[PDB]
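Before any comments, here is the structure.
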Amino acid sequence: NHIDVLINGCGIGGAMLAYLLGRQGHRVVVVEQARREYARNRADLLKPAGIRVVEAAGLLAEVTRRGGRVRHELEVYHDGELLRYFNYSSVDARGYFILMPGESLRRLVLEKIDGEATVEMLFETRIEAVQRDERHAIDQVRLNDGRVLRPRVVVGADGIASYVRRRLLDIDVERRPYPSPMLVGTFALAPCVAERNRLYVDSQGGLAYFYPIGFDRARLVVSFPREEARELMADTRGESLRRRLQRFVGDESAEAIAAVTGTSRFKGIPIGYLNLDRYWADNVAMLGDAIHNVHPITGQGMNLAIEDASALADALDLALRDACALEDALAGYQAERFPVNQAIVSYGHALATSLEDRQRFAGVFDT
Ligand SMILES: Cc1cc2nc3c(=O)[nH]c(=O)nc-3n(C[C@H](O)[C@H](O)[C@H](O)COP(=O)(O)OP(=O)(O)OC[C@H]3O[C@@H](n4cnc5c(N)ncnc54)[C@H](O)[C@@H]3O)c2cc1C
């Protein structure tokens, strides 16, 4: 019952870590509270560095074979006029980004994990108790199915409300909510949306981001002040919302507005603002939403989870092969990832807090 790594959470971050460790021959058990099939809303965006991880995992061809989309442009509008146009490929060819539903990528990764004999995935399972040795390393973990494991390393890949973080490391985080919630819905795909990603914001705090997802659908991400968001999402046949959009979303996206046939399918997007001071303690490390929360206006939750996963895999690989002490490996992991995650956490908060003020908002983008 000795294992190398116990991963708490089989979300995109934990799955990626499991596969990368598995590919190297390490003995991994992944504990996931939900069913494997269980499919929810999630982030959709892979940035260049996340794409490089997927390429290194041998998955990049399959991503677009499974309905992932390469893109290289964004338009940003404020009060119905074009504020910025970005071409991410103008100077660098690999500047492109990918839109891929997080759950489709996760499914792809789990398919690959099935093939890795040294990884065992336990769905509808949880950690029940842990014991620490005299050096305060976790040396034994009891699951809720009675299974006892003896892992060298424990990883929290268990998301924004992380059990590992809160219950195994006793870290609490103070969370002050933003005044505008975010919601996401999935609609039919209009030609304007297939053509180009378009983000719209206005002086009264509206936001509407339209982008294609999968083969034949479109995502619409919206934000409004809390009270107004409730009012709009109550005319469930969507006339109120459509009218609201028409105030700040121009004719280029008329068919994308018309695709918003009702509001019942909208789901709230969790919002945090966090970059933890410590990514690890003892033989416990964390990744993704367990250590940082970026405002979802950035779309980068999945991206940074995958980036973390790759860096942690490299660190744990070195430690498990005896090339460096676990404590040095984990320090190196944090040193690499903390400033990258920090930059995006600061950027998201900047965008979300500035979007009513046109040149201020413009100012955040330029950087
Ligand atoms: C409902 C929803 C909608 C979202 N929509 C968007 C969006 O439109 N745009 C966007 O940019 N971002 C969105 N996000 C955020 C984005 O999905 C995350 O930032 C990203 O998936 C974080 O990756 P992760 O791997 O760190 O954690 P998660 O994806 O949170 O994965 C954590 C995993 O750990 C499991 N888990 C949690 N606690 C335990 C436990 N005690 N024991 C065992 N397993 C556990 C979970 O069931 C889950 O599978 C959304 C998130 C949610 C929940």
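Annotations for the structure displayed:
- For the chain, average projected area of the Cα convex hull in nm²: 18.1
- Mean sequence separation of contacting Cα pairs (under 8 Å, at least six apart), scaled by the length of segment 182-279, corresponds to a relative contact order of 34 percent.
- Length gained when the stretch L274-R35 is fully extended (0.36 nm per residue, less Cα-Cα span): 83.2 nm
- The modelled label-to-label distance for the pair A117/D251, using points 7 Å beyond Cα in the direction of Cβ, is 6.5 nm.
- Here each label is just a point 7 Å from Cα along the line to Cβ, and for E195 and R147 those points are 5.1 nm apart.
- The chain - share of DSSP beta bridges that are antiparallel (%, nearest 5): 65
- FRET E, pair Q359, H136, Förster distance 41 Å, beta-carbon r, rounded to 0.05: 0.20
- Once backbone amide H atoms are built at 1.01 Å from N, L207 has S223 as its partners under 5 Å, excluding neighbours fewer than 5 places away on the same chain.
- Gain in span if fully extended, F215 to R166, counting 0.36 nm per residue against the direct Cα distance: 13.7 nm
- Pairwise Cα separations in segment 182-269 fall into 5 Å bins from 0 onward with the following percentages, short to long: 3, 15, 29, 29, 17, 6, 1.
- Among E37, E195, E255, the residue with the largest mean-square fluctuation in a Gaussian network model of the chain, with springs joining Cα atoms closer than 10 Å, is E37.
- Here is what passes the span test in the chain: the DSSP H helices with alpha carbon length of 27 Å or more along the helix axis and a Kyte-Doolittle mean of 0.5 or above are 301-320.
- Spin-label model, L82/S203: points 7 Å from Cα along the beta carbon direction are separated by 2.2 nm.
- Full-extension gain in nm, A49 to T236, via 0.36 nm per residue minus C-alpha separation: 63.4 nm
- The Cα center of segment 9-58 and the Cα center of segment 232-294 differ in position by 22 Å.
Where a number appears in this text, it was derived from the coordinates with a stated rule and is not lab data. Note that we place each Cβ from the backbone using ideal geometry, even for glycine, and neighbour counts take in every protein chain shown.
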